[PDB]
RNA sequence: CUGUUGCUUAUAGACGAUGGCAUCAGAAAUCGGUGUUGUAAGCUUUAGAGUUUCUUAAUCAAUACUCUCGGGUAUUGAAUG
RNA sequence: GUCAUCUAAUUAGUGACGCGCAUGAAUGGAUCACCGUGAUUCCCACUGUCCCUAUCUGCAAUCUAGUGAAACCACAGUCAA
RNA sequence: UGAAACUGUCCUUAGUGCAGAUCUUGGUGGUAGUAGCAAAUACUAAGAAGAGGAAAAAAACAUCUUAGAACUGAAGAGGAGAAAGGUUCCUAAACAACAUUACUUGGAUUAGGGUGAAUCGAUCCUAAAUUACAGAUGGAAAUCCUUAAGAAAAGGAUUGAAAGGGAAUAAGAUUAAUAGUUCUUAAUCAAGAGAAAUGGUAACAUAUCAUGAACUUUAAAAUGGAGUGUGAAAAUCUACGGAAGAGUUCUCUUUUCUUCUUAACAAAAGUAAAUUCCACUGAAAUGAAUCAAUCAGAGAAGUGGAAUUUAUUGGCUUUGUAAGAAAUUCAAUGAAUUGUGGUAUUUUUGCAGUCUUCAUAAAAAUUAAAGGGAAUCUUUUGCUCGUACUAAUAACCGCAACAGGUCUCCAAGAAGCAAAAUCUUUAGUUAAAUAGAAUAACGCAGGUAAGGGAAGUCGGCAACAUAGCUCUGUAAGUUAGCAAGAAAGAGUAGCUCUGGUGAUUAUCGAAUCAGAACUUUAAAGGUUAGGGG
RNA sequence: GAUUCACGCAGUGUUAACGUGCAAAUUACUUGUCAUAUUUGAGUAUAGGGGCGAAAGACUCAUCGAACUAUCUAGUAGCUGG
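Residue numbers (PDB author numbering), protein chains in the order written: chain lU, 2 to 151; chain lf, 101 to 146; chain ll, 2 to 73; chain lo, 2 to 51.
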C-alpha cells in the first residue's frame, strides 16, 4: 500500500515536516484506514504516529573556543584575515573616545571643578586630538587648575 | 559511510528452513562484533 | 541568442479575443481587430483574400432568420 | 492566471466541458462511426491559444 | 574423445582465444616469514612555561618519560604451513 | 635600407640618419602622465610546452539484459602496368 | 485464388502507353540489433503490496513504511506571489499507449469532488498616452483637432495601472483540497434610521460637545540620491534563576539539546530618544554643542513648560482581548508550569542634521482647516466579478519531463573584513534521458613526475608560479592628483600568562591592540586568495 | 562618472567540451564587469524607400544591403533537367 496520504496529513496535524513524521512500520494496516485528519488525530493519541525529535546541534565546541579567544589563545597574527581598520574601525574609536572625553568635561563643569572659560579651552583641545585617553585628560585638567590657583 | 568499510569483518550465517515451504532453506548472515581478530578461526556454532 | 534563449520572455499577449468575430485577433495596443475589422462599421474583407471570404460570410453560420425569409 | 475576467473564465470552463470522450451508449448506436473525439486536447500536448 | 560449466582461475586477456587444476579439487581464515609507517589506547615521570583555589592539598596545562623495535597494515597481481 | 644596441647567432624590438615610390598640420601635426579581457619586443620567477615520455583516478569505449535511431546507398568492393 | 459483372470486330473520341525530371504522394530496405539510452556526488538492509528476483549468481529488482548513509545549505533543490498555463489541484479504480529499461509510480487513462470576502484585489482616480459628436481637410478610403473653431462639453468629453493614489479584520481551529473568504471569539468602516463654550501669559488643551451657507485661500494625498550618527522591534548570541522532557554514561561530564508564546482594536500604572516652539533673563574674559557639523542682541547657554515623530490607540515595559487559546510534559478526558536583564552582531523601521546636481526628482479622485457671516448610545443594510494548482533541473516560452530563458517577498549556526568558498540545523529530496561484469587501445574531466628549464611554438597557447593580515621599505616619469598593493625584506602555530583602551559610583562589561616565557611536525594557505619588471 | 570582492551579468581565451549537441549558439574553467552614461518589470509611442541605430548596414518575432503575408502570377528565361 501507499501511505503517502497519511505521511502528508500527519505532518499538517503535527505541524512539522514530512521528515519528522514517524509511522509505525508494524501497524501499516491500521494507519492505512486513516484517510481523514480526524482519523489521523486519533492515531497520534494512540502513539501510532510520532513526531521525531529534532537533530541535536551542540554549541559546546563554539563556546569553548570563545573563552579561549577571550584569553587571547587564537587572536594571533596568523589568524587575522581582515585589515586593521576592518577589525577595529578607526572612526568608531574616535566616536567612542570623543564621547568619553566630552562626558568627563561636562561632569567637571557642572560639579564645579572648571568654569565655562577653561572648559571651553579644554573642549577644543579634546576635539583637536590632544589627549589619548581619559587618564591623559584628568592630569592635564589637574595641572591647569593648580597653575590657576598658583 | 559509503567510502570506507572495516578491514576485516566477522560474520555468522545460519541455514534455516523457509517458513512457508518446508523443502527449501535460506541463509541469515548476522554480525558478530569482536574486539580483535587475532587467533580466530572458522568455528561451526552449535 | 536570437533563437532559443530569446523566447524566454514571451509572456505578454498582443492579441486577445475579439467581440464581433470571436477570434484572438483584437490588438490590445492598436485597439482594433486584425481579422474582422472591429470598431470599423463594415466587416473587413479584401479581394486578395478570397479564402478569408469563404471562411466567414453569409451562409457559414446559423442563418437563424434569413433561412426562414428566403424559404418564404 | 489567478485573476481573470468573468467572460474569459466561462470560455475556459467550456473548453474543460468539451474535453470529454464519447459516452458508451452513443458508441452502441447502429451504424455508428464516432468512436473517439478527435477534437480532444490535453494541457501538456496542445495549447488552446486563448 | 571434444566443447560448455566451476576455480567471481592464472604466467593470459577488449570479447573470443591462450595456459593450469578440477575430490590427493578448490576456497577461506589463523600462524610464521617478509615488507611499510614511526612508538597505539589506559595509567605514571615536582615531567612541563606558568595560573588558580588551598594555605606544602588539589585543579587546569602545548608538549614530553617508562610500559613500547610499540600499535596498525601487509596481496589486492607477495612467499610458507 | 645604413649605423649602433639587444643575442653565441636577430627578415623581430629599440635608439639614430633621411631627396620621404606615396608623411605632415581640426582628413588635424608633435607630445604620453594615469588608464586598456587592444597590438609588439625583452628580462626575473615558474613550470611536461620540450629533451622524452612514464604513471594515477572518475566517466565512457569493450561484453551482456532491456530498449534502440540517423547521414549515406547506380551495382559493388584485392593489386601492378 | 476470387464472387458479379464482362468480352470480340467496325467506326468515333481522348485527361491513351514511363526507368529517370534532387520528379509528386504513399509504402519499404541495407546501414543495424549498429551509434547511443555517461552533466546535476548515492545508494543499502528488513518488511508490506503485487503476476511481476527468478538462480547452476540471472551479481541489477519500480511503489510504500522503518533504520543506516547522504545531497540542496537557508541570495536553497525551502515556504509563497505577478505574468503565462487552464483543471495540470484532491481522492478512488485501473497500467493498452506515453515519461530512450521497467514501473504496482505519474504533471499519463477513467469517474467523482473541489475555488465561499462589506474589510484582499478588480470596480473608483489620474500618468506616459488613447478615442468620440460637431468643426476643418480629402477624389476616395479616411485624416486632423481633444477644447481650440461649437447656441455642445460651475468649466470641460472617452479610455489608460491586479507594482502609482486608495474608507474599514485580526488570533486560534477546521477540509482528502478553500480560506486576511468558512467556524468560535473579538473589532473596524461607509450610507442611513431613532445671537450660538471654556481654560492657559504663551507655545497650546478640553469621553460629539460648544451652530456655521455662498465665495476664496492653504495644506494633505504628493516626491531624488549618497553617506554618518542614533531611537525602537525582531532574529542570533549571552548573564542570573529555574520547571518539564530527551541524549551520553564504565572513562569523565552539577552535563549537551528542546519548550517557556501571544494578534487586530483600545487603555494609560510607570518611563524614553530626537526635533521645533513658549515664558523669565540678557551672553564678550564670548560662549553652546556634534562622529561631522552648526548656532546666537531679528536673541545663545540656564530654569520651567507646550507640541510632533518613533510599524494601532500614545514610542517602550504593562493592561483589556487573554489563557478559556497555543507550546512542552504527565495520567487515563483530566492535570502542571509559561522571571528578570545585556555600554554584543545583523536585519527592519523611523529620526536628525551633512553632501550632490547646467539632474531639483508626477497628477487626480478624496479629505481637513481657515477668512466670511447666510439661515434661525441602539439598530438596518453593505450588490457584481477573481479566489483551485505550478510559478519551474517536470505545470510558463523554446516541437519535449530540453544543462537555454523568465519579475518579486521571507532568510539559522560555524568561520571570516565579507550575503565569498567549505560544513551543518528547520524544510525538501535520494529520483530526476537504464543497469551489471571486466578494468585493453584511443579519448573527455581532474592530477603528479627525476635532471634541465621555453631548447617546443607563429606566439609562454595550456599549465606551473604569486596570493590573507601586520611592520619596514618603495624608483624613473608626471597634468603634481598619481605611479603604488610599485619593486624588495621580515613576522604569523599551540599553550601558560602580562598590560592598554570604560560604565556606574567597591560591582559590572566590550572585543580589539601590544608584549613575554615554554613546546612542537617552525605555523595565511583545508577553502578563499595580485605573478612582477 | 576613484580601486576592488559578493548576488548577478557579459562573452577575452582554451581557437577546451559538443558539433546527426543539453542547446537551430549551449556547457566547463580562465577572463572582464558588477549603481548613476547602472541593472531591471509593466504600461505606452515610433512601421517597410518606413521606424530605430554611442553607427556594426546593426535591429525591426530563428526572416533585413529593404520583414512577414496574400493578389497580379502557371511573372519572363536565347539557360539546366525530363
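Every residue gets a Cβ at the ideal spot worked out from N, C-alpha and C, and that includes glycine.
- About 17 Å separates the CB atoms of residue 29 (chain ll) and residue 10 (chain ll); that is not less than 8 Å, and the two are not in contact.
- Around the beta carbon of residue 35 (chain lU), a 10 Å sphere encloses 16 or more other beta carbons of the protein chains shown; the residue is thus reported as buried.
- Taking 8 Å as the threshold, the shortest C-beta distance from residue 29 (chain ll) to chain lo does not fall below it.
- At a cut-off of 8 Å, the C-beta of residue 51 (chain lo) has a neighbouring C-beta in chain ll.
- When the five nearest sequence neighbours on each side are left out, the beta carbons in the same chain lying within less than 6 Å of the beta carbon of residue 23 (chain lU) are those of 51, 53, in order along the chain.
- Sixteen is the threshold: when 16 or more other Cβ atoms of the shown chains lie within 10 Å of the Cβ of residue 49 (chain lU), as they do, the residue is buried.
- For a Cβ distance threshold of 9 Å, nothing in chain lo lies close to residue 21 (chain ll): the least Cβ distance comes to about 14 Å.
- Within a 10 Å sphere around the beta-carbon of residue 7 (chain ll) sit fewer than 16 other beta-carbons, which makes this residue exposed.
- Secondary structure within the segment 34-59 of chain ll: the alpha helix (DSSP H) runs of 4 or more consecutive residues, fully enclosed, are 51-56 (chain order).
- Contact between residue 104 (chain lU) and residue 120 (chain lU) is ruled out by a C-beta separation of about 13 Å, above the 8 Å threshold.
- Taking a Cβ-Cβ cut-off of 7 Å, the neighbours of residue 25 (chain ll) in chain lo comprise 50, 51, given in sequence order.
- As the crow flies, the alpha-carbon of residue 91 (chain lU) is around 15 Å from that of residue 134 (chain lU).
- Rounded to the nearest angstrom, the Cβ distance from residue 146 (chain lU) to residue 114 (chain lU) is 7 Å, consistent with a contact under 8 Å.
- Residue 25 (chain lU) has its alpha-carbon roughly 52 Å from the corresponding atom of residue 35 (chain lo).
- Ranked by how close their Cα comes to the Cα of residue 45 (chain lU), the residues lU:96, lU:130, lU:15 have lU:15 in first place.
- Annotation: residue 3 (chain lU) to residue 40 (chain lo) spans about 36 Å, alpha carbon to alpha carbon.
- By alpha-carbon distance to residue 98 (chain lU), the top candidate from lU:137, lU:81, lU:19, lU:8 is lU:137.
- Around the beta-carbon of residue 11 (chain lU), 16 or more other beta-carbon atoms lie within 10 Å, marking it buried.
- The beta carbon of residue 54 (chain ll) lies closer than 7 Å to those of 46 in the same chain, with the five residues before and after it left out.
- Under DSSP, the beta-bridge partners assigned to residue 113 (chain lf) are lf:129.
- In the same chain as residue 33 (chain ll), and ignoring 5 residues on each side of it, the C-beta atoms closer than 8 Å to its own belong to 27, 39, 40, 41, in chain order.
- Counting only the Cα atoms, residue 86 (chain lU) lies some 16 Å from residue 80 (chain lU).
- With contacts defined by Cβ atoms closer than 8 Å, residue 103 (chain lf) and residue 130 (chain lf) do not form a contacting pair.
- With a threshold of 16 other beta carbon atoms within 10 Å, residue 143 (chain lU) falls short and is exposed.
- Around the C-beta of residue 36 (chain ll), 16 or more other C-beta atoms lie within 10 Å, and the residue is accordingly described as buried.
- Counting only runs of 4+ residues, the alpha helix (DSSP H) found wholly inside the segment 47-122 of chain lU occupies 61-71, 85-88, 91-112, in chain order.
- Contact between residue 23 (chain lo) and residue 37 (chain lo) holds, with the beta-carbon distance rounding to 7 Å and staying under 8 Å.
- Scanning ll:69, ll:4, ll:62 for the CA closest to the CA of residue 23 (chain ll) turns up ll:62.
- In this model, residue 29 (chain lo) and residue 15 (chain lo) are separated by some 26 Å (Cα to Cα).
- DSSP, reduced to helix, strand and coil, places residue 22 (chain lU) within a strand of the structure shown.
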